[PDB]
Amino acid sequence: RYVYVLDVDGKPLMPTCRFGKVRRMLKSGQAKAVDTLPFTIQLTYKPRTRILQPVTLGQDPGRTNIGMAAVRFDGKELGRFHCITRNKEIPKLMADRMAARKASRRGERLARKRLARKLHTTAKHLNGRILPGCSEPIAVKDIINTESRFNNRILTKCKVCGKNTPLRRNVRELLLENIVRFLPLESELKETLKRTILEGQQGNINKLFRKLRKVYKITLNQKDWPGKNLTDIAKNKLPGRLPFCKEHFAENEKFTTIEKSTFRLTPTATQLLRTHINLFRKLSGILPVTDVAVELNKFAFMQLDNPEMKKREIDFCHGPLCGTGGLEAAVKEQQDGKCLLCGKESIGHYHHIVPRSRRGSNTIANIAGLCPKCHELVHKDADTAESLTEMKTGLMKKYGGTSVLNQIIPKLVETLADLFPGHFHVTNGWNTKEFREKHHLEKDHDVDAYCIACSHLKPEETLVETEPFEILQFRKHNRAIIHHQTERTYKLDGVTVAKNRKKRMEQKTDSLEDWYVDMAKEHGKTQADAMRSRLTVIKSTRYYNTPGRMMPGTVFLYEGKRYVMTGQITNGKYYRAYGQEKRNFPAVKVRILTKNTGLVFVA
DNA sequence: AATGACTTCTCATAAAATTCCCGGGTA
DNA sequence: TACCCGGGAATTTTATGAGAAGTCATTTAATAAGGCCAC
RNA sequence: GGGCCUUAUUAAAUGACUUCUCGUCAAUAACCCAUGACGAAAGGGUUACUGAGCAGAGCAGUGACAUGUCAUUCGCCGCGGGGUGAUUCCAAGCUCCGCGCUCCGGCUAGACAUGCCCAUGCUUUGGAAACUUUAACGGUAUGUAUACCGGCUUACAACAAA
Ligand SMILES: [Mg+2]
Ligand SMILES: [Mg+2]
Ligand SMILES: [Mg+2]
Ligand SMILES: [Mg+2]
Ligand SMILES: [Zn+2]
Ligand SMILES: [Zn+2]
């Protein structure tokens, strides 16, 4: 591995191979050891020359695995890095934030309800309510509601004004007009075509289509352009909102002259976009980086799901939901409208077969329609649960990770083109493959990153040389006061017999109700009561996080060796460390070097 | 005139339980 | 000179919240047609 | 022919509001059972009533329910200004008050009358900065650590070792 050299200003200089001179300099005060991983030194003097070659920093993007490589202008590797990200956690941490926020608001509602019962201010005969955008009721009970705010929540705004833009359900005429606009038809026939489609008169639509098909030869069929798109705009609802206001949706060319993209991403995609940019900034702290190189990744998911089939024999336009009316309607058609386990009652709940808490997919392969009675048993009884899996197997999330990668790449390219003007370069995955094969390299992230840096360059030799560095990523915040909560465990003779008084929703193990019923079968009531009356109980106990504690990714010294903290034990008395298994490092025997830098180097 | 590749997948932590250590009464 | 208990400090082991309903939104990719600018 | 915009269909993801439920935690009462420290403490349930809602606490600040009758008056939207997150910086997300119809949504919600109460918002998300006393890697001698050596530039190139 090279030694990374810093100037007396703190700015990078070119790396050194001269391991002997580095130890002669450290023995003689000509340098200081700023870091042990990556091993980095700062000069205490200013050299007689200050000449640096161009250094290109290349990246192999990924959700979990990001590759980096530093390549000098002549093609020589100056370092290779593999970063393992934290991005897997964020959807689950957001889904816990979900459950906790809604449970807190349910508690404030329950406090109002219990006060209304005491004062007789509960709603008379209220059995749910229908809101303006809905068709079925919300099942509201004792007090009318709290305002529900879903109809607008503006996020798209007009790309040429900042004004708002209409819903596709209301401006159906403008959407329909911007298709009819371009046709060979006379203006009175364009008016007649729009009006006849907007009236929805199936027979008179066919009369007009047959007339215009004879006179003008235009392909007016409900399965061909334009007639398909015109027929689809006759729907009662259409999804989402326009990119332009009514004043500007009338005109096509504005992308040539004026734009404001008004961009958004989820927390999960935002953290990964930040991670890609922050790896360039971190490695620019140890190398004199002049240029940046990246790989475009672009995934079509129904090709990843059909990899043996060739690209133009895939029905991208159709899939499992085309014209079905959405997921819940497609399942209702697929089941003849009945509950899957018993074929008598109608569908009540759309059941995720692999649960949402257990990495289950939201796609139609993971859904079964059940009545509320069976949906409760499938959560509380393992024999009914296995019986459902024989009818439909279900799926975990196949493509969660690469969907987040697929979202980021366009914004990553724009951001790096702004950060490195005239010094930013792009590749496609097949170029990385060609280079890897041409030079007898083998596939991994840091090697692909070397191939990506070499797209810009003309390497004199294409050798790959160093032991690559490993970077972990750690959380910068954790706001949770409760760390975990125990279940109400019941013990007899010190042995666990049950875990709640009656079953929790997912509880496949016994409650006291389950255990007592089986003891009363085996021993009769008098003995089962003599066993209830002998139970020992630990109440459901909340365990609390220490505020202001050391976070994971903290670097520390113990017995003269560098360690990276992976977690605390016993109110912060002991630290766990990377690669050291269950070993407990005492916090008194430890010096902290740096608090968590987010991206952190490991052995 | 097409399309190639690529990527992905189990814990930190508190506090309860268990062990170990020094000071002591006793012989 | 020497050993078995106790109480406090130190260290290790144990255990970990779920399901659904009425609606909405944003991003990326592909496919189709249109269009602007394009030897 | 390629870039970029827009519409339709689809695929794969992950964000917001509202509403239901199992289970929890606290306490009282009746009932079933276990049990007797030195006649009575200590113990487990079941059913009912009541309270709780990071078993809550911060920082903000007046509303929260109910009935009447008028209804698109309102508002999730525009402009302005605040709360919280939230402090080392700052972001996401939620939210409140004034004025308003340019745009976007709409019996959401608002107004007025009467009754009763404390019944408001946000808080389990994401980066970055800061710290610093961070002697690494290879070969040789010996009893794994102290010692000694890996030419010259921070670096390329040339030169020098060989
Ligand atoms: Mg790649
Ligand atoms: Mg209260
Ligand atoms: Mg379910
Ligand atoms: Mg890769
Ligand atoms: Zn406009
Ligand atoms: Zn059933």
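A note on names: the letters A, B, ... follow the listed sequences, proteins ahead of strands, and every chain is numbered from 1.
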Quiz question: going by heavy-atom distance under 3.5 Å, is there a donor-acceptor pair between the base of [N] and the side chain of [X]?
X: A/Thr49; N: D/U154; result: yes
X: A/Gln53; N: D/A155; result: yes
X: A/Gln407; N: C/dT28; result: no
X: A/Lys102; N: D/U18; result: yes
X: A/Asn164; N: D/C103; result: yes

Task: N-glycosidic conformation, D/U87 - syn within 90 degrees of 0, else anti - done: syn

Open item on the list: Parallel, tilted or perpendicular: which one describes the rings of A/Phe556 and A/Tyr563, with boundaries at 30° and 60°?
Closed with: tilted

Give a yes or no on whether [M] and [N] pair, Watson-Crick or G-U wobble, both distances under 3.5 Å.
N: D/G121; M: D/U84; value: no
N: D/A34; M: D/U72; value: no
N: D/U67; M: D/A113; value: yes
N: D/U35; M: D/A71; value: no
N: D/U134; M: D/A42; value: no
N: D/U120; M: D/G85; value: no
N: D/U24; M: D/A52; value: yes
N: D/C74; M: D/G105; value: yes

Just to confirm, is there a sub-4.0 Å distance from OP1 or OP2 of [N] to any side-chain nitrogen or oxygen of [X]?
X: A/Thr546; N: B/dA14; answer: yes
X: A/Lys310; N: B/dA2; answer: no
X: A/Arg63; N: B/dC9; answer: yes

Open item on the list: I'd like to know whether the aromatic ring centres of A/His483 and A/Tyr543 sit less than 6.0 Å apart in this structure.
Closed with: no

Task: Base of D/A12 and ring of A/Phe301 stacked, centres under 5.5 Å, planes under 30° - done: no

TODO: Report yes if the ring of A/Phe39 lies under 5.5 Å from the six-membered base ring of D/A136 with planes under 30°, and no otherwise.
DONE: yes

If we call a positive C1'-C2'-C3'-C4' torsion north and a negative one south, what is the sugar of [N]?
N: C/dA18; answer: north
N: D/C122; answer: north
N: C/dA9; answer: south
N: D/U72; answer: south
N: D/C118; answer: south

Task: Bracket notation of DNA chain C in which parentheses pair within the strand, [ ] cross earlier pairs, and | pairs with another strand (Watson-Crick or G-U, under 3.5 Å) - done: ||||||||||||||.||||||||||||||||||||||..

Both distances below 3.5 Å, Watson-Crick or wobble geometry, any strand: find the nucleotide opposite [N].
N: D/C149; value: D/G138
N: D/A130; value: none
N: D/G80; value: D/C97

Under a 5.0 Å cut-off, which groove is contacted by side-chain heavy atoms of [X]?
X: A/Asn571; result: major
X: A/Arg274; result: minor
X: A/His484; result: minor
X: A/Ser148; result: minor

Task: Nearest-Å distance once atom P is located in both D/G51 and D/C117 - done: 15 Å

TODO: Pick the P atom in C/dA15 and in B/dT18, then give their distance to the nearest Å.
DONE: 11 Å

Open item on the list: Here's a test for you: under side-chain hydrogen bond (donor to acceptor under 3.5 Å, both in side chains), which of A/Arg488, A/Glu487, A/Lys499, A/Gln485 qualifies with A/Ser540?
Closed with: A/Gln485

TODO: Assign each of A/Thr402 and A/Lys88 to its nearest nucleotide of DNA chain B by heavy atoms, then name whichever residue's nucleotide is nearer the 5' end.
DONE: A/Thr402

Task: A/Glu460, CD atom: more than 12 neighbouring heavy atoms under 6.0 Å - done: no

Task: CZ/A/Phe585: more than 12 non-hydrogen atoms of other groups inside 6.0 Å - done: yes

Quick check: does any side chain N or O of [X] sit under 3.5 Å from a backbone N or O of [Y], one acting as donor and the other as acceptor?
X: A/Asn278; Y: A/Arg274; value: yes
X: A/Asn145; Y: A/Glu147; value: no
X: A/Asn431; Y: A/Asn428; value: yes

Task: Cationic N near anionic O, under 4.0 Å, A/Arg72 to A/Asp74 - done: yes

- [ ] Measure from NZ or CZ of A/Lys254 to the centre of the six-membered ring of A/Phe244 and say whether it is under 6.0 Å with the direction within 45° of the ring axis.
- [x] no

Open item on the list: For a quick check of understanding: with a heavy-atom distance under 4.0 Å over all strands, which category does A/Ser511 fall into, base, sugar-phosphate or nothing?
Closed with: nothing

Task: For atom CG of A/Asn500 and atom P of D/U21, their distance in whole Å - done: 19 Å

